[PDB]
Amino acid sequence: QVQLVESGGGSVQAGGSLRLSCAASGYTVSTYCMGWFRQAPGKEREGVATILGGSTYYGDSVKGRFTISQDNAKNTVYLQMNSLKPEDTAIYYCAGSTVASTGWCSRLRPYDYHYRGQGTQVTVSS
Amino acid sequence: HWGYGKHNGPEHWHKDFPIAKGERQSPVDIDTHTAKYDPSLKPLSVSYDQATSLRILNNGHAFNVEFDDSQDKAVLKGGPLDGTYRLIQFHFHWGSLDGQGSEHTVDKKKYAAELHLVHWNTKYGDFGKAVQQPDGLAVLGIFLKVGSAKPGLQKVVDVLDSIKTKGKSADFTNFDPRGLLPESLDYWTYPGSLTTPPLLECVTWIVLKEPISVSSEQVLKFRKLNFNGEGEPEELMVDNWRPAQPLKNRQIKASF
Ligand SMILES: [Zn+2]
């Protein structure tokens with residue numbers, strides 16, 4: 001079955017940066033549209049970024065300092081986070097839907113995508 | 001010939017098209033408390049990556065948005081289907097009122113309108129042959145429920161002006177059949193037929209649980225098209241949906 005494993009989380013200071021990764025199994029990160037979303041405590045599910053090959057879309061906030069990409073050669077969609085803010089502290093999840101669409105992908109709602117991962121704690125100290 | 005009027009409406013259809021009384025006819029009322037779950041069902045696979053729209057078109061009972069199907073550009077697999085169906089065109093069904101309009105119904109519940117994405121099975125060579133087999137077709141239904149404007153839809157209704165009468169056609173190019181799909185793709189499914197002449201019983205219907213929104217102001221433009229062709233007495237396309245049919249034997253499976 002489709003397993004979706006994330007990794008690379010942790011604790012970093014504001015201004016810092018780390019890179020989360022997502023490994024697929026029984027799924028091909030290239031054919032469909034995938035993405036990340038985070039569940040901060042107290043706050044509701046927020047969409048971070050999505051990708052469908054050449055087209056990548058970013059959440060109004062993380063836009064400009066976050067980056068998504070895939071290494072289909074090893075089925076792994078990475079999420080490069082740069083210049084983290086404390087606000088970013090949260091759990092980041094990896095999602096992978098079954099819809100092949102840029103438009104449908106630009107909605108930026110990985111929290112509705114069928115195949116989900118367990119997420120990884122990402123804390124940002126000040 | 002046939003139409004959604006009073007003297008040629010969905011009832012008098014069984015007259016010229018006797019198959020309108022077959023055992024697998026659509027639409028139908030889906031009894032949510034009758035849907036049987038099935039572990040053989042997989043998530044719907046909507047591979048609309050290279051979907052290439054070519055032209056919107058008024059055909060006489062709705063308006064179709066033709067897509068290129070020369071190859072597997074936009075395909076439907078997974079789901080309850082067993083093969084690979086190519087998207088050929090999509091059109092809508094609406095009613096004279098906002099209270100009614102969709103063909104399928106959830107617990108006798110009606111929606112403002114219904115979007116249908118028609119795909120034929122690639123194992124049958126062409127759509128024509130395809131629609132002759134008990135599995136040659138796969139139609140994806142999407143409920144349009146009144147509410148907020150639909151940026152996606154508007155890019156469609158926006159051009160209807162170019163096809164007020166029958167026969168008229170405008171080049172509707174580059175369009176994500178996806179802009180139209182809901183976000184959560186749970187679905188009901190059953191063996192049915194086309195909800196309009198020839199009413200062939202070959203569509204393997206797939207209806208989506210979650211609906212997409214439409215403003216009361218928008219579905220209002222739908223009923224602006226004309227049934228008739230230019231020159232003939234002005235005829236408005238105010239209502240064009242078929243009533244729920246006898247589920248007879250069959251049974252509705254679901255992806256949940
Ligand atoms: Zn239809």
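Bear in mind these aren't lab numbers, they're just calculated from the coordinates by the rules spelled out. Please note: Cβ atoms are built from the backbone with ideal geometry, for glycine as well, and neighbour counts cover all protein chains shown.
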The range B:53-83 - residue that is part of a loop (DSSP other than H, G, I, E, B) and within 13 Å of another protein chain (Cβ to nearest Cβ) and, of those, farthest from residue B:179 (Cα to Cα): B:81
Residue identified as in a loop (DSSP other than H, G, I, E, B), within 16 Å of residue A:111 (Cβ to Cβ) and within 14 Å of the chain's Cα centre (by Cα) among A:77, A:48, A:62: A:62
Identity of the residue in the range B:168-209, under 26 Å from residue B:25 (Cβ atoms), of a type in the set (D, E, K, R) and in contact with a strand residue (DSSP E or B) (Cβ under 8 Å, 6 or more places away or on another chain), that ends up nearest to the ligand (Cβ to nearest atom): B:209
Selected residue (criterion: surrounded by the most Cβ atoms within 10 Å (Cβ to Cβ)) from residues of the range B:105-114 that are in a strand (DSSP E or B) and within 16 Å of the ligand (Cβ to nearest atom): B:113
Looking only at the range B:175-194, and only at residues there that are within 15 Å of the chain's Cα centre (by Cα) and within 7 Å of chain A (Cβ to nearest Cβ), the one that is farthest from residue B:53 (Cα to Cα): B:181
Matching residues in the range A:90-125 - criterion: being within 14 Å of the chain's Cα centre (by Cα) and either away from every other protein chain (no Cβ under 14 Å) or of a type in the set (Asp, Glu) (or both): A:90, A:91, A:92, A:93, A:94, A:112, A:117, A:118, A:119, A:120, A:121, A:122
Members of the range B:84-104 that are away from the ligand (no atom under 16 Å from the Cβ) and within 14 Å of chain A (Cβ to nearest Cβ): B:84, B:86
